[PDB]
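Engineer: The following block contains the structure, expressed as structure tokens.
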Amino acid sequence: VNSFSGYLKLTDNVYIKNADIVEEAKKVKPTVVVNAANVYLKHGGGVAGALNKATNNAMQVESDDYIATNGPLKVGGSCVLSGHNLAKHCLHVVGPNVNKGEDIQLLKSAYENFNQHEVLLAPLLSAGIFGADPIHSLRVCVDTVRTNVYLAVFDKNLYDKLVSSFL
Ligand SMILES: O=C(O)C[C@H](NC(=O)c1nc(Cl)nc2[nH]ccc12)c1ccccc1
């Protein structure tokens, strides 16, 4: 039993809800919140810009130190950093950005990072400003993640489409 509330169950381990991941994080304080990161951990917009704003820019400060030490992530890769006031940890995961021309096949590799964590709160990778089809992102998620994932979809209209079109 966990603290997540109001989710629709899609499969044995994948759950979905119309919610702002920022507000959802502040309430549950999950062990892991997933960020829709880019390879530079520049959290300017989308989920990343919103999550960072909620940490009063502490996420960005920590991220800049991480990049200065380690260099950029790989597309499809991840790193674990602090969750600040939102969660114990933040798993920064880089899905392919279609608006940059990146291989959508890397979306599966991106979701594989979730399997290193027993329970996560997450957005649909490569959705939103990353330019991929959210219906596809959901399909890859369900077919790749085996741990317990609680997916937050900001747009109510998109959520209903995701639910109503789910196979
Ligand atoms: O779920 C969605 O719609 C897509 C998702 N967007 C959000 O998570 C989101 N949208 C709005 Cl508008 N306000 C927000 N506040 C806190 C979060 C948040 C997303 C994910 C990755 C890249 C780009 C977009």
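Numbering starts fresh at 1 for the residues of each chain in the structure tokens, the chains themselves are lettered A, B, ... in the order given, and ligands are numbered from 1 as they appear.
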Once you count only C-alpha atoms and all ligand atoms, which residues end up within 7 Å of ligand 1, and could you hand them over as a PyMOL selection string?

Structural biologist: chain A and resi 20-22+36+46-47+50-51+123-130+152-155+158

Engineer: List as JSON lines every residue of range 6-120 of chain A that is in contact with range 133-143 of chain A, defined as an atom at most 8 Å from one of its atoms (using only C-alpha atoms), together with the nearest atom pair and the distance in Å rounded to one decimal, sorted by chain and then rising number.

Structural biologist:
```
{"residue": "A:11", "atom": "CA", "partner": "A:142", "partner_atom": "CA", "distance": 7.4}
{"residue": "A:14", "atom": "CA", "partner": "A:142", "partner_atom": "CA", "distance": 6.3}
{"residue": "A:107", "atom": "CA", "partner": "A:140", "partner_atom": "CA", "distance": 7.4}
{"residue": "A:108", "atom": "CA", "partner": "A:140", "partner_atom": "CA", "distance": 6.2}
{"residue": "A:111", "atom": "CA", "partner": "A:141", "partner_atom": "CA", "distance": 6.2}
```

Engineer: Go ahead and save the picked residues with N, CA, C and O atoms, as a tab-separated table (two decimals), in the first residue's frame.

Structural biologist:
```tsv
chain	number	residue	atom	x	y	z
A	11	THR	N	-2.46	-1.32	-16.16
A	11	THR	CA	-1.93	-2.68	-16.20
A	11	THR	C	-1.56	-3.07	-14.77
A	11	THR	O	-1.84	-2.34	-13.81
A	14	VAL	N	1.24	-0.15	-14.13
A	14	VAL	CA	1.16	1.20	-14.69
A	14	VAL	C	-0.19	1.82	-14.33
A	14	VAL	O	-1.25	1.24	-14.60
A	107	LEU	N	13.36	6.04	-26.97
A	107	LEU	CA	12.36	6.18	-25.92
A	107	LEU	C	12.31	4.93	-25.04
A	107	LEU	O	12.14	5.03	-23.82
A	108	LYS	N	12.45	3.74	-25.63
A	108	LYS	CA	12.45	2.53	-24.81
A	108	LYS	C	13.64	2.53	-23.85
A	108	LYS	O	13.48	2.23	-22.66
A	111	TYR	N	12.84	4.75	-20.89
A	111	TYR	CA	11.95	4.15	-19.91
A	111	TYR	C	12.63	3.03	-19.12
A	111	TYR	O	12.25	2.77	-17.97
```

Engineer: Counting only C-alpha atoms, which of A:90, A:56, A:16, A:72 gets nearest to residue 42 in chain A?

Structural biologist: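 Of the candidates, the smallest distance to residue 42 in chain A is held by A:72.
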
Engineer: Could you write out, as a PyMOL selection string, all the residues of range 49-125 of chain A that DSSP marks as helix (DSSP H, G or I)?

Structural biologist: chain A and resi 49-54+58-70+98-100+106-116

Engineer: Taking into account only C-alpha atoms, which residue in the set A:70, A:85, A:148, A:60 is nearest to residue 28 in chain A?

Structural biologist: A:85

Engineer: Considering only C-alpha atoms, state which residue in the set A:75, A:10, A:19, A:67 is at the smallest distance from residue 156 in chain A.

Structural biologist: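 Comparing A:75, A:10, A:19, A:67 against residue 156 in chain A, the winner is A:19.
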
Engineer: Could you please write out, as number ranges by chain, every residue of range 17-157 of chain A that DSSP assigns to strand (DSSP E or B)?

Structural biologist: A: 17-18, 32-36, 78-82, 89-93, 119-122, 148-153

Engineer: Go ahead and save the residues from that selection, with N, CA, C and O atoms, as a tab-separated table (two decimals), in the first residue's frame.

Structural biologist:
```tsv
chain	number	residue	atom	x	y	z
A	17	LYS	N	-3.12	9.36	-14.18
A	17	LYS	CA	-3.99	10.36	-13.57
A	17	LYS	C	-3.81	11.69	-14.29
A	17	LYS	O	-2.71	12.01	-14.75
A	18	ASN	N	-4.89	12.47	-14.41
A	18	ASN	CA	-4.79	13.85	-14.85
A	18	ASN	C	-4.36	14.69	-13.66
A	18	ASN	O	-5.12	14.88	-12.71
A	32	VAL	N	10.76	8.70	-5.45
A	32	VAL	CA	11.34	9.10	-6.72
A	32	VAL	C	10.31	9.88	-7.53
A	32	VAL	O	9.22	9.36	-7.80
A	33	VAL	N	10.66	11.10	-7.92
A	33	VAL	CA	9.96	11.81	-8.98
A	33	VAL	C	10.87	11.84	-10.20
A	33	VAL	O	12.06	12.10	-10.09
A	34	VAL	N	10.29	11.56	-11.37
A	34	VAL	CA	11.02	11.60	-12.63
A	34	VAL	C	10.92	12.98	-13.25
A	34	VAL	O	9.81	13.54	-13.36
A	35	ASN	N	12.06	13.52	-13.67
A	35	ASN	CA	12.11	14.73	-14.48
A	35	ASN	C	12.32	14.38	-15.95
A	35	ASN	O	13.12	13.49	-16.28
A	36	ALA	N	11.61	15.11	-16.82
A	36	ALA	CA	11.81	15.10	-18.27
A	36	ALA	C	13.00	16.01	-18.59
A	36	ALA	O	12.85	17.16	-19.01
A	78	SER	N	20.10	8.63	-17.78
A	78	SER	CA	19.53	9.22	-16.58
A	78	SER	C	20.61	9.44	-15.53
A	78	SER	O	21.71	8.87	-15.59
A	79	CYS	N	20.26	10.25	-14.54
A	79	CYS	CA	21.03	10.32	-13.31
A	79	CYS	C	20.07	10.55	-12.15
A	79	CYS	O	18.98	11.11	-12.33
A	80	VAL	N	20.49	10.11	-10.96
A	80	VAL	CA	19.75	10.32	-9.73
A	80	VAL	C	20.35	11.50	-8.99
A	80	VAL	O	21.55	11.50	-8.67
A	81	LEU	N	19.52	12.50	-8.70
A	81	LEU	CA	19.92	13.65	-7.92
A	81	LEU	C	18.90	13.84	-6.80
A	81	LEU	O	17.98	13.04	-6.63
A	82	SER	N	19.07	14.91	-6.02
A	82	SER	CA	18.14	15.17	-4.93
A	82	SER	C	16.74	15.47	-5.46
A	82	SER	O	16.57	16.07	-6.53
A	89	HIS	N	14.28	11.62	-4.01
A	89	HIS	CA	15.19	11.66	-5.14
A	89	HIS	C	14.45	12.15	-6.38
A	89	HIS	O	13.24	11.95	-6.53
A	90	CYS	N	15.21	12.76	-7.29
A	90	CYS	CA	14.74	13.03	-8.64
A	90	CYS	C	15.56	12.20	-9.62
A	90	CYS	O	16.79	12.32	-9.65
A	91	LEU	N	14.88	11.38	-10.40
A	91	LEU	CA	15.49	10.65	-11.50
A	91	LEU	C	15.34	11.50	-12.76
A	91	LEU	O	14.24	11.62	-13.30
A	92	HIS	N	16.44	12.12	-13.20
A	92	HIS	CA	16.44	12.91	-14.42
A	92	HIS	C	16.63	11.96	-15.59
A	92	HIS	O	17.69	11.33	-15.70
A	93	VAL	N	15.62	11.84	-16.45
A	93	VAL	CA	15.64	10.90	-17.56
A	93	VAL	C	15.53	11.69	-18.86
A	93	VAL	O	14.66	12.55	-18.99
A	119	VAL	N	9.20	2.12	-7.18
A	119	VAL	CA	8.01	2.95	-7.32
A	119	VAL	C	8.44	4.34	-7.77
A	119	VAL	O	9.40	4.90	-7.23
A	120	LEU	N	7.72	4.92	-8.74
A	120	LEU	CA	8.06	6.25	-9.24
A	120	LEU	C	6.81	7.04	-9.58
A	120	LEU	O	5.81	6.48	-10.04
A	121	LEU	N	6.91	8.36	-9.47
A	121	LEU	CA	5.98	9.30	-10.09
A	121	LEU	C	6.65	9.86	-11.34
A	121	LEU	O	7.80	10.27	-11.28
A	122	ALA	N	5.94	9.89	-12.48
A	122	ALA	CA	6.61	10.21	-13.73
A	122	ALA	C	5.70	10.89	-14.75
A	122	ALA	O	4.48	10.65	-14.75
A	148	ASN	N	6.59	-0.14	-10.39
A	148	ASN	CA	5.29	0.51	-10.20
A	148	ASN	C	5.41	1.98	-10.56
A	148	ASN	O	6.10	2.74	-9.87
A	149	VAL	N	4.75	2.40	-11.64
A	149	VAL	CA	4.85	3.76	-12.13
A	149	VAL	C	3.49	4.44	-12.07
A	149	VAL	O	2.48	3.89	-12.54
A	150	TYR	N	3.48	5.64	-11.48
A	150	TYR	CA	2.32	6.50	-11.34
A	150	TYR	C	2.53	7.69	-12.27
A	150	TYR	O	3.38	8.55	-12.01
A	151	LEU	N	1.80	7.69	-13.38
A	151	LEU	CA	1.97	8.65	-14.46
A	151	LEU	C	1.02	9.83	-14.28
A	151	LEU	O	-0.19	9.64	-14.11
A	152	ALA	N	1.57	11.04	-14.37
A	152	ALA	CA	0.80	12.28	-14.27
A	152	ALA	C	0.75	12.93	-15.65
A	152	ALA	O	1.79	13.21	-16.25
A	153	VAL	N	-0.47	13.20	-16.12
A	153	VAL	CA	-0.69	13.85	-17.41
A	153	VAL	C	-1.35	15.19	-17.12
A	153	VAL	O	-2.48	15.23	-16.62
```

Engineer: Rounded to one decimal place, report the CA of residue 25 in chain A-CA of residue 86 in chain A distance in Å.

Structural biologist: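 Interatomic distance, CA of residue 25 in chain A to CA of residue 86 in chain A: 5.3 Å.
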
Engineer: Which residues are close to residue 94 in chain A, i.e. within 6 Å by only C-alpha atoms, leaving aside same-chain residues fewer than 3 positions away? Reply as JSON, numbers by chain.

Structural biologist: {"A": [37, 38, 75, 76, 77]}

Engineer: Nearest to residue 163 in chain A among A:27, A:146, A:9, A:100, with distances taken over only C-alpha atoms: which residue is it?

Structural biologist: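 Comparing A:27, A:146, A:9, A:100 against residue 163 in chain A, the winner is A:9.
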
Engineer: Could you check the closest approach to residue 73 in chain A for each of A:87, A:59, A:104, A:41 and tell me which residue wins, using only C-alpha atoms?

Structural biologist: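 Nearest candidate to residue 73 in chain A out of A:87, A:59, A:104, A:41: A:41.
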